[PDB]
Structures are given as C-alpha cells and as structure tokens.
file target.txt (compact mmCIF, C-alpha atoms (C1' of nucleotides))
# COMPACT_ATOMS: atom_id res chain seq x y z
CA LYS A 1 77.23 -0.28 -216.05
CA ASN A 2 75.46 2.18 -213.76
CA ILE A 3 72.23 1.26 -215.59
CA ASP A 4 71.92 -1.85 -213.41
CA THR A 5 72.26 0.25 -210.26
CA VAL A 6 69.43 2.40 -211.56
CA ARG A 7 67.47 -0.84 -212.17
CA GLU A 8 67.69 -1.71 -208.49
CA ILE A 9 66.77 1.89 -207.65
CA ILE A 10 63.52 1.81 -209.59
CA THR A 11 62.82 -1.75 -208.50
CA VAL A 12 63.15 -0.85 -204.82
CA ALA A 13 60.96 2.14 -205.64
CA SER A 14 58.43 -0.21 -207.23
CA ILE A 15 58.20 -2.40 -204.13
CA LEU A 16 58.30 0.70 -201.96
CA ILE A 17 55.33 2.54 -203.41
CA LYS A 18 53.59 -0.71 -204.18
CA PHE A 19 53.24 -1.64 -200.51
CA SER A 20 51.23 1.47 -199.55
CA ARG A 21 54.30 3.24 -198.12
CA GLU A 22 54.48 6.37 -200.22
CA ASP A 23 55.79 9.34 -198.27
CA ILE A 24 59.40 8.07 -198.23
CA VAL A 25 59.91 8.47 -201.99
CA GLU A 26 58.96 12.10 -202.59
CA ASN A 27 61.29 13.44 -199.95
CA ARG A 28 64.80 12.82 -201.14
CA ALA A 29 67.39 12.77 -198.34
CA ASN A 30 65.49 10.26 -196.21
CA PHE A 31 64.97 8.19 -199.36
CA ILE A 32 68.72 8.15 -200.00
CA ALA A 33 69.24 7.19 -196.35
CA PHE A 34 66.84 4.29 -196.93
CA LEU A 35 68.75 3.23 -200.04
CA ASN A 36 72.06 3.48 -198.21
CA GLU A 37 70.92 1.39 -195.26
CA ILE A 38 69.49 -1.31 -197.50
CA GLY A 39 72.91 -1.43 -199.09
CA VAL A 40 72.79 -0.41 -202.72
CA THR A 41 76.18 0.61 -204.04
CA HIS A 42 77.56 2.40 -207.07
CA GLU A 43 81.37 2.18 -207.34
CA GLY A 44 82.12 0.77 -203.91
CA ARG A 45 80.45 3.48 -201.85
CA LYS A 46 77.19 4.98 -200.61
CA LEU A 47 74.92 7.40 -202.45
CA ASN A 48 75.25 11.17 -202.50
CA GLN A 49 72.66 13.62 -203.77
CA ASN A 50 75.20 14.87 -206.29
CA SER A 51 75.97 11.25 -207.11
CA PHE A 52 72.25 10.50 -207.37
CA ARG A 53 71.61 13.34 -209.78
CA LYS A 54 74.67 12.34 -211.78
CA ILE A 55 73.59 8.73 -212.15
CA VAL A 56 70.07 9.81 -213.07
CA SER A 57 71.60 12.44 -215.35
CA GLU A 58 74.33 10.37 -217.00
CA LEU A 59 71.82 8.22 -218.78
CA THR A 60 70.67 7.21 -222.24
CA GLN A 61 67.17 7.89 -223.60
CA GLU A 62 66.62 4.34 -224.86
CA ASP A 63 67.75 2.98 -221.51
CA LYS A 64 65.24 5.31 -219.86
CA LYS A 65 62.58 3.85 -222.15
CA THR A 66 63.72 0.39 -221.05
CA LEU A 67 63.49 1.39 -217.39
CA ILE A 68 59.99 2.82 -217.55
CA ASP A 69 58.86 -0.16 -219.61
CA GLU A 70 60.25 -2.51 -216.97
CA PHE A 71 58.64 -0.34 -214.31
CA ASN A 72 55.21 -0.60 -215.89
CA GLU A 73 55.24 -4.40 -215.68
CA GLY A 74 54.35 -4.61 -212.01
CA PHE A 75 51.61 -2.03 -212.44
CA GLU A 76 49.60 -3.87 -215.03
CA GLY A 77 46.33 -4.36 -213.18
CA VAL A 78 46.12 -0.61 -212.71
CA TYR A 79 46.78 0.20 -216.34
CA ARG A 80 44.32 -2.32 -217.77
CA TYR A 81 41.60 -0.72 -215.66
CA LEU A 82 43.01 2.65 -216.67
CA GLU A 83 42.71 2.11 -220.39
CA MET A 84 39.57 -0.02 -220.42
CA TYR A 85 37.53 3.13 -219.85
CA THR A 86 39.46 5.20 -222.39
CA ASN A 87 39.06 3.10 -225.58
CA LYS A 88 37.29 5.95 -227.41
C1' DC B 1 -33.09 -4.26 -202.28
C1' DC B 2 -31.96 -5.72 -206.30
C1' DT B 3 -32.08 -6.51 -210.68
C1' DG B 4 -30.96 -3.62 -214.74
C1' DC B 5 -29.14 0.33 -217.77
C1' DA B 6 -25.81 4.67 -218.12
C1' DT B 7 -21.64 6.65 -217.67
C1' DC B 8 -17.44 7.49 -216.89
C1' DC B 9 -13.29 7.19 -215.30
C1' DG B 10 -8.93 4.26 -216.23
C1' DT B 11 -5.64 2.33 -219.57
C1' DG B 12 -2.71 0.64 -223.12
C1' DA B 13 -1.49 1.34 -228.61
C1' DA B 14 11.56 47.98 -205.47
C1' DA B 15 14.82 50.01 -203.53
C1' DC B 16 17.62 51.29 -200.02
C1' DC B 17 20.21 51.47 -195.41
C1' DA B 18 22.83 49.45 -192.13
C1' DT B 19 25.61 46.43 -189.87
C1' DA B 20 28.23 42.78 -188.95
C1' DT B 21 31.47 39.29 -190.65
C1' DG B 22 33.93 36.18 -191.93
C1' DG B 23 35.49 34.19 -195.47
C1' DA B 24 37.71 35.02 -199.22
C1' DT B 25 41.57 37.33 -201.15
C1' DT B 26 46.07 39.59 -201.06
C1' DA B 27 50.83 40.64 -199.32
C1' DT B 28 54.74 39.37 -196.58
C1' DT B 29 57.90 36.78 -194.58
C1' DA B 30 60.59 32.44 -192.84
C1' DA B 31 62.05 28.10 -194.41
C1' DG B 32 63.93 25.38 -197.51
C1' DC B 33 66.00 23.75 -201.61
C1' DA B 34 68.23 22.42 -205.68
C1' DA B 35 71.98 23.93 -207.73
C1' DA B 36 76.51 25.68 -207.47
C1' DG B 37 81.01 26.11 -205.73
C1' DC B 38 85.43 25.48 -202.37
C1' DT B 39 88.51 21.68 -200.15
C1' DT B 40 90.90 17.44 -199.88
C1' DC B 41 91.69 12.32 -201.53
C1' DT B 42 92.23 9.12 -204.73
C1' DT B 43 93.30 7.81 -209.81
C1' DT B 44 95.23 7.80 -213.95
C1' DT B 45 99.23 9.29 -217.00
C1' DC B 46 104.06 9.65 -218.69

call {"tool": "encode", "arguments": {"input": "target.txt", "output": "structure tokens"}}
result
Amino acid sequence: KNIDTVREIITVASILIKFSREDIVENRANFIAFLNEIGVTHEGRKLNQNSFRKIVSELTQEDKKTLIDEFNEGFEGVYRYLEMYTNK
DNA sequence: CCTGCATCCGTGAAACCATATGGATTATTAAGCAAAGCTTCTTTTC
C-alpha cells in the first residue's frame, strides 16, 4: 500500500540527515520539491502538501511502530553510546 | 678545625547621591503558516 511509499520517504530522510545535510528536512516545501525531483510517486503522480499530510495521516499505529523501528536501525552507533551512560 | 654531643625540624603510621547606560525586558508589528475551503478533472456506479 502507501506504507511502502512512506518507507522510501523515511529511508530517503535517513540518508538525508545521515550525510550531514540537515536543513532540507525541517523546511517542508523544499523537502517535497527534493522528493519530487528524485522521483518518488504515490498513485502515479507527484507529492502535494495535502497529499503528504494525508499519507502521513492515513496510517496505522503498528505500522508507525514498524517505521520508527526500521528507522532506528541505521542509527545504532548513536544509540549504543546514548544508553551506555544511562544504565542507572 | 674538627671531632663530638644536642636538638630539632621533617616524616610516615555606612550610607547616600548622582549619573550614565546599556543591557535586559517588554510590547508591537510584519511575515508566515498550517489548516481550511472553492474549482475543475477524473473515477466509480447503475
């Protein structure tokens, strides 16, 4: 379904903020322009801000859990250091 | 002067005035923004 399109969204976000290029995620319209030029596609077309908030909105809680769990896999070296000093 | 004793010092187990002043705080406004809502094009139904 659309869940796979969201998977490529967060994966491109993972590469994007992983390679020290941050400022293009927090602003939204330029980010959607970036996603449209790299050629992601939900239902045969480009991405609208309404369409973006729908596809983020129309979404299941367990799938969201799956997406953040998949997202945390690249950022493992940060989290091991993060929790090694919090084992109280 | 140099051999010979003493010791002793270390060492561990008040109030105000005045005057700037600028930095800190508050108000005030332009920008912007997410969310909503027209307007037309497809898409699905009988």

call {"tool": "atom_distance", "arguments": {"input": "target.txt", "atom1": "atom CA of residue 47 of chain A", "atom2": "atom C1' of residue 45 of chain B"}}
result
28.4 Å

call {"tool": "interface_residues", "arguments": {"input": "target.txt", "of": "chain B", "to": "chain A", "cutoff": "12 Å", "atoms": "all atoms listed in the file", "output": "ChimeraX atom specification"}}
result
/B:33-36

call {"tool": "axis_aligned_box", "arguments": {"input": "target.txt", "around": "segment 27-40 of chain A", "padding_each_side": "3 Å", "output": "JSON"}}
result
{"center_x": 67.1, "center_y": 6.0, "center_z": -199.0, "size_x": 17.6, "size_y": 20.9, "size_z": 13.5}

call {"tool": "atom_distance", "arguments": {"input": "target.txt", "atom1": "atom CA of residue 36 of chain A", "atom2": "atom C1' of residue 44 of chain B"}}
result
28.3 Å

call {"tool": "atom_distance", "arguments": {"input": "target.txt", "atom1": "atom CA of residue 18 of chain A", "atom2": "atom CA of residue 71 of chain A"}}
result
11.3 Å

call {"tool": "residues_near_point", "arguments": {"input": "target.txt", "point": "(89.1, 9.8, -202.6)", "cutoff": "12 Å", "atoms": "all atoms listed in the file", "output": "PyMOL selection string"}}
result
(chain A and resi 43-45) or (chain B and resi 40-43)
